[PDB]
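Working notes, beginning with the structure itself.
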Amino acid sequence: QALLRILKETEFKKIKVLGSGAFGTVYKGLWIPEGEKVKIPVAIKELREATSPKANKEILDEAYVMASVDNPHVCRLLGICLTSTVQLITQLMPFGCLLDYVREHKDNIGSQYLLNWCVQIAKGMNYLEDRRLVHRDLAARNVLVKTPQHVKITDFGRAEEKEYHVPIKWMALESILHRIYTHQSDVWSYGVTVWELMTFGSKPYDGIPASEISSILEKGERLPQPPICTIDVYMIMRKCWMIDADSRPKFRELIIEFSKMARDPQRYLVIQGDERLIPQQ
Ligand SMILES: Cc1c(C#Cc2ccc(CN3CCC(CO)CC3)cc2)cc(C(F)F)c2cn([C@@H](C(=O)Nc3nccs3)c3ncn4c3CCC43CC3)nc12
């Protein structure tokens, strides 16, 4: 009944690879916890490199923090297997990452789904703020889909591999200029994440080299208004990208704003075939 289970190899198996990133490879798998009978669908992340006993102490201390993450909109770390290449286990999010989901299902996504994802991501980020955990890499690739109506944040930043140069196009200006990361720099990245959703997974600052992003931000340039977005929604994104971090909304305020929009979603996002979950009025 430990918060973080220390796994043996015999208790789990990899079924199908899902993806590889800068830190490791994720597999869909099955876990029968030692002393139990039930089969639990899991995601298994195997690190890229083998680690020493010393390195593993630093992984473990972080793993206990990730096992303490207990919120409906953030994934919890369930277990660790201290094999030579370490393996990390969560519950499987069977629909994969939200970035791929919105790209693959773009013709069957309405305003209600999009605005409810924005609420849910803000709820999970407000939980991280209450825990004093700065994410440092919020992006649609780091949001997972449990069901089409239920998403969760994962994979905190530990500075899509070609998005890292650090994820410059998601970062607040003060993070680019001085490597300052706070809950308010996570609000900036939340705004970029919302832009990704509202553009069905498009690439931010497409055509701008990463090396020029701080210059264009300093000139006042920002990501453009997505075609589906009313100006009211775009204004919240723009508030997330103000240069003064303390002027940006807080996650608690973003939950209120997106929750109100989610009551009349077709008024805020205009999608062809989406004719005019939080209940709609
Ligand atoms: C990469 C990494 C590491 C690591 C490491 C490393 C160390 C040294 C070296 C050697 N390295 C050599 C080069 C240089 C020399 O100094 C640096 C050191 C190499 C790698 C450690 C931990 C730890 F917390 F468990 C990690 C946790 N995640 C992920 C994770 O487990 N996601 C998964 N998704 C599917 C299933 S689990 C994560 N993040 C947040 N969350 C999660 C899940 C739940 C939740 C939201 C709450 N990711 C981790």
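Just so we're on the same page: first chain in the structure tokens is A, next is B, and so on; residues restart at 1 for each chain, and ligands are numbered from 1 in the order they show up.
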
Self-check item: Test item: residues at most 12 Å from residue 214 in chain A, only C-alpha atoms, excluding those fewer than 3 positions along its chain, as a list in words
Solution: residues 168, 169, 170, 171, 172, 173, 174, 175, 176, 177, 178, 205, 208, 209, 210, 211, 217, 218, 219, 220, 221, 222 and 243 of chain A

Saved selection, atoms kept: N, CA and C atoms, as a PDB file, in the first residue's frame:
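Saved the output as again.pdb:
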```pdb
ATOM      1  N   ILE A 168      11.782  26.668 -26.670  1.00  0.00           N
ATOM      2  CA  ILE A 168      11.790  28.115 -26.820  1.00  0.00           C
ATOM      3  C   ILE A 168      10.429  28.658 -27.232  1.00  0.00           C
ATOM      4  N   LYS A 169       9.763  27.999 -28.173  1.00  0.00           N
ATOM      5  CA  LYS A 169       8.495  28.561 -28.706  1.00  0.00           C
ATOM      6  C   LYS A 169       7.346  28.482 -27.705  1.00  0.00           C
ATOM      7  N   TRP A 170       7.490  27.813 -26.623  1.00  0.00           N
ATOM      8  CA  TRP A 170       6.477  27.762 -25.568  1.00  0.00           C
ATOM      9  C   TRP A 170       6.805  28.636 -24.390  1.00  0.00           C
ATOM     10  N   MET A 171       8.056  29.116 -24.325  1.00  0.00           N
ATOM     11  CA  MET A 171       8.578  29.749 -23.093  1.00  0.00           C
ATOM     12  C   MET A 171       8.262  31.201 -22.978  1.00  0.00           C
ATOM     13  N   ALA A 172       8.004  31.606 -21.720  1.00  0.00           N
ATOM     14  CA  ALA A 172       7.870  33.018 -21.466  1.00  0.00           C
ATOM     15  C   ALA A 172       9.176  33.744 -21.772  1.00  0.00           C
ATOM     16  N   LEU A 173       9.086  35.010 -22.070  1.00  0.00           N
ATOM     17  CA  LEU A 173      10.278  35.800 -22.413  1.00  0.00           C
ATOM     18  C   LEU A 173      11.298  35.748 -21.299  1.00  0.00           C
ATOM     19  N   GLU A 174      10.890  35.847 -20.035  1.00  0.00           N
ATOM     20  CA  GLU A 174      11.889  35.870 -18.958  1.00  0.00           C
ATOM     21  C   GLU A 174      12.581  34.520 -18.849  1.00  0.00           C
ATOM     22  N   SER A 175      11.948  33.439 -19.251  1.00  0.00           N
ATOM     23  CA  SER A 175      12.561  32.114 -19.265  1.00  0.00           C
ATOM     24  C   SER A 175      13.618  32.047 -20.354  1.00  0.00           C
ATOM     25  N   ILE A 176      13.318  32.578 -21.504  1.00  0.00           N
ATOM     26  CA  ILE A 176      14.303  32.625 -22.618  1.00  0.00           C
ATOM     27  C   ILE A 176      15.475  33.503 -22.176  1.00  0.00           C
ATOM     28  N   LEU A 177      15.229  34.673 -21.685  1.00  0.00           N
ATOM     29  CA  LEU A 177      16.315  35.663 -21.440  1.00  0.00           C
ATOM     30  C   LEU A 177      17.108  35.297 -20.220  1.00  0.00           C
ATOM     31  N   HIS A 178      16.532  34.769 -19.161  1.00  0.00           N
ATOM     32  CA  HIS A 178      17.249  34.609 -17.894  1.00  0.00           C
ATOM     33  C   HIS A 178      17.013  33.275 -17.226  1.00  0.00           C
ATOM     34  N   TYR A 205       4.801  29.930 -34.207  1.00  0.00           N
ATOM     35  CA  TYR A 205       5.912  30.710 -34.807  1.00  0.00           C
ATOM     36  C   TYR A 205       6.545  29.905 -35.917  1.00  0.00           C
ATOM     37  N   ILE A 208       9.788  31.134 -38.003  1.00  0.00           N
ATOM     38  CA  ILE A 208      10.721  31.929 -37.158  1.00  0.00           C
ATOM     39  C   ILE A 208      11.785  30.950 -36.610  1.00  0.00           C
ATOM     40  N   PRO A 209      13.123  31.120 -36.818  1.00  0.00           N
ATOM     41  CA  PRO A 209      14.118  30.343 -36.095  1.00  0.00           C
ATOM     42  C   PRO A 209      13.979  30.569 -34.583  1.00  0.00           C
ATOM     43  N   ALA A 210      14.186  29.515 -33.814  1.00  0.00           N
ATOM     44  CA  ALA A 210      14.125  29.610 -32.347  1.00  0.00           C
ATOM     45  C   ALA A 210      15.010  30.741 -31.804  1.00  0.00           C
ATOM     46  N   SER A 211      16.145  30.945 -32.427  1.00  0.00           N
ATOM     47  CA  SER A 211      17.124  31.947 -31.999  1.00  0.00           C
ATOM     48  C   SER A 211      16.561  33.354 -32.127  1.00  0.00           C
ATOM     49  N   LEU A 217       9.400  38.653 -29.689  1.00  0.00           N
ATOM     50  CA  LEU A 217       8.556  38.907 -28.504  1.00  0.00           C
ATOM     51  C   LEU A 217       8.832  40.320 -27.973  1.00  0.00           C
ATOM     52  N   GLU A 218      10.103  40.706 -27.920  1.00  0.00           N
ATOM     53  CA  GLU A 218      10.499  42.062 -27.470  1.00  0.00           C
ATOM     54  C   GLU A 218       9.959  43.140 -28.385  1.00  0.00           C
ATOM     55  N   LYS A 219       9.742  42.860 -29.647  1.00  0.00           N
ATOM     56  CA  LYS A 219       9.118  43.800 -30.585  1.00  0.00           C
ATOM     57  C   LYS A 219       7.631  43.849 -30.409  1.00  0.00           C
ATOM     58  N   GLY A 220       7.028  42.937 -29.632  1.00  0.00           N
ATOM     59  CA  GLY A 220       5.612  42.955 -29.388  1.00  0.00           C
ATOM     60  C   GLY A 220       4.843  41.935 -30.191  1.00  0.00           C
ATOM     61  N   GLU A 221       5.489  41.194 -31.069  1.00  0.00           N
ATOM     62  CA  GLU A 221       4.786  40.181 -31.904  1.00  0.00           C
ATOM     63  C   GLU A 221       4.346  38.993 -31.040  1.00  0.00           C
ATOM     64  N   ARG A 222       3.190  38.431 -31.408  1.00  0.00           N
ATOM     65  CA  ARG A 222       2.616  37.267 -30.730  1.00  0.00           C
ATOM     66  C   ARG A 222       1.996  36.354 -31.762  1.00  0.00           C
ATOM     67  N   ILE A 243       4.366  40.826 -21.129  1.00  0.00           N
ATOM     68  CA  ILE A 243       5.779  40.784 -20.683  1.00  0.00           C
ATOM     69  C   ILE A 243       5.884  40.796 -19.180  1.00  0.00           C
TER      70      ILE A 243
END
```

Using only C-alpha atoms and all ligand atoms, what table do you get, as a Markdown table, when you list each residue of chain A with an atom no more than 8 Å from ligand 1, its nearest pair of atoms, and their distance in Å rounded to one decimal, rows by chain then rising number?
```
| residue | atom | partner | partner_atom_place_in_ligand_line | distance |
| --- | --- | --- | --- | --- |
| A:23 | CA | ligand 1 | 1 (C) | 5.0 |
| A:24 | CA | ligand 1 | 1 (C) | 6.8 |
| A:26 | CA | ligand 1 | 35 (C) | 5.8 |
| A:27 | CA | ligand 1 | 35 (C) | 7.7 |
| A:42 | CA | ligand 1 | 36 (C) | 7.5 |
| A:43 | CA | ligand 1 | 36 (C) | 4.6 |
| A:44 | CA | ligand 1 | 36 (C) | 4.4 |
| A:45 | CA | ligand 1 | 36 (C) | 4.3 |
| A:46 | CA | ligand 1 | 37 (S) | 7.9 |
| A:47 | CA | ligand 1 | 20 (C) | 6.1 |
| A:48 | CA | ligand 1 | 19 (C) | 7.0 |
| A:49 | CA | ligand 1 | 19 (C) | 6.0 |
| A:50 | CA | ligand 1 | 10 (C) | 7.3 |
| A:51 | CA | ligand 1 | 10 (C) | 5.8 |
| A:55 | CA | ligand 1 | 8 (C) | 5.5 |
| A:56 | CA | ligand 1 | 7 (C) | 7.1 |
| A:58 | CA | ligand 1 | 7 (C) | 7.1 |
| A:59 | CA | ligand 1 | 21 (C) | 4.6 |
| A:60 | CA | ligand 1 | 25 (F) | 6.1 |
| A:61 | CA | ligand 1 | 24 (F) | 7.3 |
| A:62 | CA | ligand 1 | 24 (F) | 4.0 |
| A:63 | CA | ligand 1 | 25 (F) | 3.5 |
| A:64 | CA | ligand 1 | 24 (F) | 7.1 |
| A:65 | CA | ligand 1 | 24 (F) | 6.9 |
| A:66 | CA | ligand 1 | 47 (C) | 4.5 |
| A:67 | CA | ligand 1 | 47 (C) | 7.0 |
| A:69 | CA | ligand 1 | 47 (C) | 5.6 |
| A:74 | CA | ligand 1 | 46 (C) | 5.5 |
| A:75 | CA | ligand 1 | 46 (C) | 4.5 |
| A:76 | CA | ligand 1 | 44 (C) | 4.5 |
| A:77 | CA | ligand 1 | 44 (C) | 4.4 |
| A:80 | CA | ligand 1 | 25 (F) | 7.2 |
| A:87 | CA | ligand 1 | 37 (S) | 7.4 |
| A:88 | CA | ligand 1 | 37 (S) | 4.3 |
| A:89 | CA | ligand 1 | 36 (C) | 4.5 |
| A:90 | CA | ligand 1 | 36 (C) | 4.8 |
| A:91 | CA | ligand 1 | 36 (C) | 7.7 |
| A:92 | CA | ligand 1 | 35 (C) | 7.8 |
| A:153 | CA | ligand 1 | 46 (C) | 6.1 |
| A:154 | CA | ligand 1 | 46 (C) | 3.9 |
| A:155 | CA | ligand 1 | 39 (N) | 3.6 |
| A:156 | CA | ligand 1 | 39 (N) | 4.5 |
| A:157 | CA | ligand 1 | 39 (N) | 7.5 |
| A:158 | CA | ligand 1 | 1 (C) | 7.1 |
```

Exercise. Find the spatial neighbours of residue 31 in chain A, counting only C-alpha atoms, within a cut-off of 8 Å - ignore same-chain residues fewer than 4 positions away - and output them as a ChimeraX atom specification.
Key: /A:11-13,39-42

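Among the residues of range 90-249 of chain A, backbone DSSP assigns strand (DSSP E or B) to residues 90, 91, 97, 143, 144, 145, 146, 147, 150, 151, 152, 153 and 229 of chain A.
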
Quiz item: Of the residues A:84, A:135, A:1, A:281, which is the one nearest to residue 52 in chain A, using only C-alpha atoms?
Solution: A:84

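Straight-line separation from CA of residue 122 in chain A to CA of residue 150 in chain A: 12.7 Å.
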
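For the choices A:4, A:228, A:118, A:261, the atom-to-atom distance to residue 190 in chain A is smallest for A:118 when using only C-alpha atoms.
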
Exercise. Apply DSSP to the backbone of this structure and, from range 119-206 of chain A, keep only the residues in helix (DSSP H, G or I); write these as a VMD selection string.
Key: chain A and resid 119 to 130 140 to 142 161 to 163 168 to 170 173 to 178 183 to 198

For the residues in that selection, give me N, CA and C atoms as a compact mmCIF listing (two decimals), in the first residue's frame.
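File written: out-v3.txt
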```
# COMPACT_ATOMS: atom_id res chain seq x y z
N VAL A 119 -10.27 24.15 -19.66
CA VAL A 119 -10.59 24.20 -18.23
C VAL A 119 -9.77 23.17 -17.48
N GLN A 120 -9.75 21.96 -17.99
CA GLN A 120 -9.09 20.84 -17.30
C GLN A 120 -7.60 21.06 -17.16
N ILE A 121 -6.98 21.58 -18.21
CA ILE A 121 -5.54 21.85 -18.14
C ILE A 121 -5.32 22.96 -17.11
N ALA A 122 -6.17 23.98 -17.07
CA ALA A 122 -6.00 25.04 -16.06
C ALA A 122 -6.19 24.51 -14.65
N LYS A 123 -7.12 23.59 -14.45
CA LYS A 123 -7.35 22.94 -13.15
C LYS A 123 -6.10 22.20 -12.75
N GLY A 124 -5.51 21.39 -13.63
CA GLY A 124 -4.31 20.65 -13.25
C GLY A 124 -3.16 21.58 -12.97
N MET A 125 -3.00 22.65 -13.73
CA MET A 125 -1.89 23.58 -13.50
C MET A 125 -2.15 24.37 -12.18
N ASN A 126 -3.36 24.70 -11.88
CA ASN A 126 -3.61 25.36 -10.59
C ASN A 126 -3.24 24.42 -9.45
N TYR A 127 -3.49 23.13 -9.56
CA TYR A 127 -3.06 22.13 -8.57
C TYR A 127 -1.55 22.16 -8.45
N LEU A 128 -0.82 22.15 -9.54
CA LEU A 128 0.64 22.21 -9.47
C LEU A 128 1.09 23.49 -8.81
N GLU A 129 0.46 24.61 -9.08
CA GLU A 129 0.79 25.86 -8.43
C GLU A 129 0.55 25.69 -6.92
N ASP A 130 -0.58 25.16 -6.50
CA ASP A 130 -0.83 24.94 -5.06
C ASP A 130 0.21 24.01 -4.46
N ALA A 140 0.94 21.01 -25.67
CA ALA A 140 -0.05 19.99 -25.99
C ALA A 140 0.55 18.59 -26.07
N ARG A 141 1.81 18.47 -26.41
CA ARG A 141 2.47 17.16 -26.42
C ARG A 141 2.59 16.59 -25.01
N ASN A 142 2.48 17.39 -23.97
CA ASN A 142 2.60 16.94 -22.58
C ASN A 142 1.27 16.96 -21.86
N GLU A 161 11.43 16.14 -30.19
CA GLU A 161 12.79 16.51 -29.70
C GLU A 161 13.26 17.77 -30.46
N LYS A 162 12.77 17.98 -31.69
CA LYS A 162 13.16 19.18 -32.50
C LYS A 162 12.41 20.44 -32.05
N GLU A 163 11.55 20.33 -31.03
CA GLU A 163 10.91 21.52 -30.37
C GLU A 163 11.80 22.12 -29.28
N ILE A 168 11.78 26.67 -26.67
CA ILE A 168 11.79 28.12 -26.82
C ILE A 168 10.43 28.66 -27.23
N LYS A 169 9.76 28.00 -28.17
CA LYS A 169 8.49 28.56 -28.71
C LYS A 169 7.35 28.48 -27.71
N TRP A 170 7.49 27.81 -26.62
CA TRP A 170 6.48 27.76 -25.57
C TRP A 170 6.80 28.64 -24.39
N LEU A 173 9.09 35.01 -22.07
CA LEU A 173 10.28 35.80 -22.41
C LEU A 173 11.30 35.75 -21.30
N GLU A 174 10.89 35.85 -20.04
CA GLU A 174 11.89 35.87 -18.96
C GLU A 174 12.58 34.52 -18.85
N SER A 175 11.95 33.44 -19.25
CA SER A 175 12.56 32.11 -19.27
C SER A 175 13.62 32.05 -20.35
N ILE A 176 13.32 32.58 -21.50
CA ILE A 176 14.30 32.62 -22.62
C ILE A 176 15.48 33.50 -22.18
N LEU A 177 15.23 34.67 -21.69
CA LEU A 177 16.32 35.66 -21.44
C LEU A 177 17.11 35.30 -20.22
N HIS A 178 16.53 34.77 -19.16
CA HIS A 178 17.25 34.61 -17.89
C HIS A 178 17.01 33.28 -17.23
N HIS A 183 5.32 29.87 -11.74
CA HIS A 183 3.95 29.55 -12.14
C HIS A 183 3.45 30.50 -13.23
N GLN A 184 3.92 31.77 -13.20
CA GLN A 184 3.50 32.74 -14.25
C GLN A 184 4.17 32.47 -15.58
N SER A 185 5.36 31.89 -15.61
CA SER A 185 5.91 31.44 -16.90
C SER A 185 5.15 30.21 -17.39
N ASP A 186 4.66 29.36 -16.51
CA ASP A 186 3.76 28.27 -16.92
C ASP A 186 2.47 28.85 -17.50
N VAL A 187 1.95 29.99 -17.02
CA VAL A 187 0.75 30.61 -17.64
C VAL A 187 1.05 30.97 -19.08
N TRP A 188 2.22 31.51 -19.37
CA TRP A 188 2.58 31.83 -20.77
C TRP A 188 2.48 30.56 -21.60
N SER A 189 3.11 29.47 -21.14
CA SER A 189 3.09 28.19 -21.88
C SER A 189 1.66 27.66 -22.01
N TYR A 190 0.83 27.87 -21.01
CA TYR A 190 -0.60 27.52 -21.11
C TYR A 190 -1.23 28.26 -22.29
N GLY A 191 -0.96 29.56 -22.42
CA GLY A 191 -1.53 30.26 -23.56
C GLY A 191 -1.10 29.66 -24.90
N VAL A 192 0.17 29.29 -25.01
CA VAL A 192 0.64 28.65 -26.28
C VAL A 192 -0.07 27.30 -26.44
N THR A 193 -0.25 26.55 -25.38
CA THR A 193 -0.93 25.26 -25.44
C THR A 193 -2.37 25.46 -25.92
N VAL A 194 -3.06 26.45 -25.42
CA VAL A 194 -4.43 26.76 -25.87
C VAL A 194 -4.39 27.11 -27.38
N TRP A 195 -3.43 27.90 -27.78
CA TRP A 195 -3.27 28.21 -29.22
C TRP A 195 -3.10 26.92 -30.03
N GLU A 196 -2.27 26.01 -29.54
CA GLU A 196 -2.12 24.73 -30.24
C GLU A 196 -3.46 24.04 -30.38
N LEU A 197 -4.25 23.98 -29.33
CA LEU A 197 -5.55 23.29 -29.42
C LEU A 197 -6.47 23.98 -30.42
N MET A 198 -6.51 25.29 -30.40
CA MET A 198 -7.47 26.08 -31.20
C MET A 198 -7.07 26.09 -32.67
```
